[PDB]
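Asks: Can you read through this structure? Questions will come right after.
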Amino acid sequence: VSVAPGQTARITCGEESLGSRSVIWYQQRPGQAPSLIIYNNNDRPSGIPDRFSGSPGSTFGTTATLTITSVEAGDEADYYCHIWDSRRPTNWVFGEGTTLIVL
Amino acid sequence: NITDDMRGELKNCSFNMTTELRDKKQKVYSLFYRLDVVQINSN
Amino acid sequence: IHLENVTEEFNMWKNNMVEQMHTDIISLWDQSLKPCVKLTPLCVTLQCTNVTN
Ligand SMILES: *[C@@H]1O[C@H](CO)[C@@H](O[C@@H]2O[C@H](CO)[C@@H](O[C@@H]3O[C@H](CO)[C@@H](O)[C@H](O)[C@@H]3O)[C@H](O)[C@H]2NC(C)=O)[C@H](O)[C@H]1NC(C)=O
Ligand SMILES: *[C@@H]1O[C@H](CO)[C@@H](O[C@@H]2O[C@H](CO)[C@@H](O[C@@H]3O[C@H](CO)[C@@H](O)[C@H](O)[C@@H]3O)[C@H](O)[C@H]2NC(C)=O)[C@H](O)[C@H]1NC(C)=O
Ligand SMILES: *[C@@H]1O[C@H](CO)[C@@H](O[C@@H]2O[C@H](CO)[C@@H](O[C@@H]3O[C@H](CO)[C@@H](O)[C@H](O)[C@@H]3O)[C@H](O)[C@H]2NC(C)=O)[C@H](O)[C@H]1NC(C)=O
Ligand SMILES: *[C@@H]1O[C@H](CO)[C@@H](O[C@@H]2O[C@H](CO)[C@@H](O)[C@H](O)[C@H]2NC(C)=O)[C@H](O)[C@H]1NC(C)=O
């Protein structure tokens with residue numbers, strides 16, 4: 001998955017939505033430990049930058065996205081989604097990785 | 001204990017019938033007089 | 001129309017016409033059903049499970 005620098009990329013991960021959901025986005029640089037990005041659907045902890053667009057949780061029958069704007073070479077990180085639905089049981093494993101290949 | 005020359009006034013019959021559902025069918029029996037059944041045409 | 005002096009007694013408990021109202025609503029309910037479909041072939045063996053939740 002590749003776009004030009006300074007741009008926005010679109011990253012999706014996992015099943016279609018069923019009910020009200022809470023999503024969690026984690027990132028991981030290669031060789032290093034994992035790391036948080038987005039803890040609620042559109043909320044991020046302090047000390048973390050903006051320009052990370054998440055999806056609202058109210059929309060039914062959609063797919064969770066993740067939009068990265070003003071990208072750079074440091075943003076080359078393996079990504080991991082973690083969904084929590086109010087209809088499906090608890091996922092004890094993480095979603096599929098979507099590696100970014102920056103320009 | 002029927003004498004052979006006299007005939008039965010009662011016949012005893014069994015057959016199939018639908019139950020309350022549509023899939024099950026059951027086997028049931030009853031009595032009838034001779035003036036209500038006729039012969040369709042071994043067995 | 002309004003009236004003066006004349007005074008009558010009432011009784012809600014042995015009052016009539018409520019009985020024919022309770023008859024008439026039942027009869028209207030029954031008349032509103034015979035042009036609609038029967039559900040005879042629906043009584044059948046059902047294979048059931050829990051919904052996804
Ligand atoms: C989906 O269904 C599961 C049922 O397995 C839900 O898991 C339940 O999660 C709650 C979270 O509060 C657990 O409650 C905790 O229980 C301990 C027991 O002492 C209590 O001390 C804690 O304060 C807390 O209340 C609950 O145990 C757990 N169920 C089982 C069987 O372990 C889950 O929340 C449901 N929803 C989702 C979105 O997954
Ligand atoms: C004609 O009518 C006779 C009686 O007038 C019916 O015969 C009866 O059919 C039942 C079928 O369940 C028999 O019951 C069985 O009896 C044995 C005897 O020990 C028992 O071990 C079984 O567990 C069961 O209870 C009953 O015996 C039988 N009557 C006689 C006198 O044998 C019959 O259904 C009718 N239809 C025909 C013959 O097509
Ligand atoms: C009432 O329903 C029962 C059950 O559905 C009927 O029994 C079925 O009767 C037919 C003809 O009598 C049987 O066909 C025969 O099969 C045997 C071996 O399978 C074969 O040797 C014969 O040549 C003939 O093809 C059938 O198998 C039998 N089914 C069962 C489950 O017993 C019965 O005929 C119905 N009517 C009455 C009046 O009892
Ligand atoms: C039921 O009753 C009839 C009537 O009696 C029996 O029919 C007889 O059958 C035998 C042999 O087929 C004849 O010799 C008799 O003349 C018949 N009787 C009449 C009045 O015609 C029949 O056999 C009986 N069945 C059973 C099982 O008892």
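Numbering starts fresh at 1 for the residues of each chain in the structure tokens, the chains themselves are lettered A, B, ... in the order given, and ligands are numbered from 1 as they appear.
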Applying 8 Å and only C-alpha atoms, which residues near residue A:70 remain after dropping the ones on its own chain fewer than 6 positions away? List them as number ranges by chain.
Replies: A: 5-8, 51
Asks: Output the neighbourhood of ligand 2 as a short mmCIF file (atom, residue, chain, number, x, y, z; two decimals) with C-alpha atoms, in the first residue's frame, that is, all protein and nucleic acid residues with some atom at most 8 Å from the ligand, counting only C-alpha atoms and all ligand atoms.
Replies:
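The new file out27.cif reads:
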data_model
loop_
_atom_site.label_atom_id
_atom_site.label_comp_id
_atom_site.auth_asym_id
_atom_site.auth_seq_id
_atom_site.Cartn_x
_atom_site.Cartn_y
_atom_site.Cartn_z
CA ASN B 12 -62.38 -53.16 11.16
CA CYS B 13 -60.15 -50.86 9.15
CA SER B 14 -56.85 -49.03 9.53
CA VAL B 28 -55.06 -45.29 12.99
CA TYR B 29 -57.99 -47.70 13.07
CA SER B 30 -61.76 -47.63 13.44
CA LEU B 31 -64.98 -49.52 12.85
#
Asks: Taking only C-alpha atoms and all ligand atoms into account, which residues have an atom no farther than 7 Å from ligand 3? I'd like them as a ChimeraX atom specification.
Replies: /B:14-16,27
Asks: As a list in words, which residues of chain B does DSSP assign to strand (DSSP E or B)?
Replies: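 The strand (DSSP E or B) subset of chain B is residues 10, 11, 12, 13, 14, 15, 16, 17, 18, 25, 26, 27, 28, 29, 30, 31, 32 and 33 of chain B.
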Asks: Quick one: residues within 12 Å of ligand 4, with only C-alpha atoms and all ligand atoms, as number ranges by chain?
Replies: B: 1-12, 34, 42-43
Asks: Give me, as a PyMOL selection string, all polymer residues having an atom no more than 7 Å from residue A:67, counting only C-alpha atoms and skipping those fewer than 2 positions away in the same chain.
Replies: chain A and resi 8-11+52-54+65+69
Asks: Keeping N, CA, C and O atoms for every residue in the selection just given, could you write it to a file as a PDB file, in the first residue's frame?
Replies:
ATOM      1  N   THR A   8      -2.528  11.548   1.951  1.00  0.00           N
ATOM      2  CA  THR A   8      -3.382  10.755   2.821  1.00  0.00           C
ATOM      3  C   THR A   8      -3.530   9.364   2.227  1.00  0.00           C
ATOM      4  O   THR A   8      -3.760   9.216   1.024  1.00  0.00           O
ATOM      5  N   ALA A   9      -3.384   8.358   3.073  1.00  0.00           N
ATOM      6  CA  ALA A   9      -3.607   6.970   2.710  1.00  0.00           C
ATOM      7  C   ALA A   9      -4.804   6.421   3.476  1.00  0.00           C
ATOM      8  O   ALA A   9      -5.156   6.906   4.558  1.00  0.00           O
ATOM      9  N   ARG A  10      -5.414   5.387   2.898  1.00  0.00           N
ATOM     10  CA  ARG A  10      -6.633   4.778   3.411  1.00  0.00           C
ATOM     11  C   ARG A  10      -6.338   3.339   3.793  1.00  0.00           C
ATOM     12  O   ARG A  10      -5.900   2.546   2.953  1.00  0.00           O
ATOM     13  N   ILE A  11      -6.590   3.001   5.051  1.00  0.00           N
ATOM     14  CA  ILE A  11      -6.194   1.719   5.618  1.00  0.00           C
ATOM     15  C   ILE A  11      -7.402   1.133   6.335  1.00  0.00           C
ATOM     16  O   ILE A  11      -7.913   1.732   7.289  1.00  0.00           O
ATOM     17  N   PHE A  52      -4.692  11.803  12.129  1.00  0.00           N
ATOM     18  CA  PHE A  52      -5.056  10.395  12.052  1.00  0.00           C
ATOM     19  C   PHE A  52      -6.577  10.324  12.136  1.00  0.00           C
ATOM     20  O   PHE A  52      -7.166  10.438  13.211  1.00  0.00           O
ATOM     21  N   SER A  53      -7.217  10.150  10.985  1.00  0.00           N
ATOM     22  CA  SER A  53      -8.668  10.132  10.916  1.00  0.00           C
ATOM     23  C   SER A  53      -9.201   8.721  11.119  1.00  0.00           C
ATOM     24  O   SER A  53      -8.784   7.780  10.437  1.00  0.00           O
ATOM     25  N   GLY A  54     -10.129   8.581  12.068  1.00  0.00           N
ATOM     26  CA  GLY A  54     -10.790   7.328  12.339  1.00  0.00           C
ATOM     27  C   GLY A  54     -12.258   7.388  11.944  1.00  0.00           C
ATOM     28  O   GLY A  54     -12.786   8.427  11.560  1.00  0.00           O
ATOM     29  N   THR A  65     -12.096   2.167   8.856  1.00  0.00           N
ATOM     30  CA  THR A  65     -11.020   2.733   8.059  1.00  0.00           C
ATOM     31  C   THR A  65     -10.000   3.401   8.969  1.00  0.00           C
ATOM     32  O   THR A  65     -10.187   3.511  10.181  1.00  0.00           O
ATOM     33  N   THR A  69      -2.920  11.414   7.085  1.00  0.00           N
ATOM     34  CA  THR A  69      -2.669  12.619   6.308  1.00  0.00           C
ATOM     35  C   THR A  69      -1.322  13.199   6.708  1.00  0.00           C
ATOM     36  O   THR A  69      -0.906  13.067   7.864  1.00  0.00           O
TER      37      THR A  69
END
Asks: Distance limit 10 Å, atoms considered: only C-alpha atoms. Which chain B residues sit that close to chain C? Return them as a ChimeraX atom specification.
Replies: /B:20-24
Asks: For N, CA and C atoms, I'd like the residues from the last selection saved as a compact mmCIF listing (two decimals), in the first residue's frame.
Replies:
# COMPACT_ATOMS: atom_id res chain seq x y z
N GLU B 20 -51.49 -33.01 13.31
CA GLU B 20 -51.62 -31.56 13.42
C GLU B 20 -50.60 -30.85 12.56
N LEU B 21 -49.38 -31.36 12.51
CA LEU B 21 -48.38 -30.84 11.61
C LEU B 21 -48.65 -31.33 10.19
N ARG B 22 -47.82 -30.88 9.26
CA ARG B 22 -47.92 -31.35 7.88
C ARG B 22 -46.96 -32.48 7.57
N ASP B 23 -45.92 -32.66 8.37
CA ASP B 23 -44.90 -33.62 8.01
C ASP B 23 -45.19 -35.00 8.58
N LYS B 24 -45.62 -35.06 9.83
CA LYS B 24 -45.96 -36.35 10.41
C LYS B 24 -47.26 -36.86 9.82
Asks: Would you name the residues within 8 Å of ligand 1, counting only C-alpha atoms and all ligand atoms, and put them as a list in words?
Replies: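 Written in the requested form, the residues are residues 84, 85, 86, 87, 88, 89, 90 and 91 of chain A.
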Asks: Which distance in Å separates atom CA of residue A:97 and atom CA of residue A:34, to one decimal?
Replies: 12.4 Å
Asks: Return the neighbours of chain A among the residues of chain C, cut-off 10 Å, counting only C-alpha atoms, as a PyMOL selection string.
Replies: chain C and resi 51-53
Asks: What's around residue A:94 at 10 Å? Count only C-alpha atoms, leave out sequence neighbours fewer than 3 positions away in its own chain, and write the answer as JSON, numbers by chain.
Replies: {"A": [14, 26, 80, 81, 82, 83, 91, 97]}
Asks: Could you check how far atom CA of residue C:46 sits from atom CA of residue B:19, in Å to one decimal?
Replies: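 That distance, rounded to one decimal, is 15.5 Å.
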Asks: Fewer than 2 positions away in the same chain doesn't count, so skip those; otherwise give me all residues within 7 Å of residue A:2, counting only C-alpha atoms, as an mmCIF file with N, CA, C and O atoms, in the first residue's frame.
Replies:
data_model
loop_
_atom_site.group_PDB
_atom_site.id
_atom_site.type_symbol
_atom_site.label_atom_id
_atom_site.label_comp_id
_atom_site.auth_asym_id
_atom_site.auth_seq_id
_atom_site.Cartn_x
_atom_site.Cartn_y
_atom_site.Cartn_z
ATOM 1 N N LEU A 100 2.535 -0.434 5.482
ATOM 2 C CA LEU A 100 2.609 0.733 4.623
ATOM 3 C C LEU A 100 3.985 0.795 3.982
ATOM 4 O O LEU A 100 4.997 0.528 4.637
ATOM 5 N N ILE A 101 4.019 1.137 2.697
ATOM 6 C CA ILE A 101 5.262 1.319 1.958
ATOM 7 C C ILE A 101 5.254 2.743 1.429
ATOM 8 O O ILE A 101 4.552 3.045 0.459
ATOM 9 N N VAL A 102 6.023 3.613 2.062
ATOM 10 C CA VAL A 102 5.922 5.044 1.804
ATOM 11 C C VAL A 102 6.744 5.408 0.576
ATOM 12 O O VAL A 102 7.622 4.658 0.132
ATOM 13 N N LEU A 103 6.432 6.564 0.004
ATOM 14 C CA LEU A 103 7.240 7.141 -1.050
ATOM 15 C C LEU A 103 7.966 8.350 -0.481
ATOM 16 O O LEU A 103 7.572 8.881 0.556
#
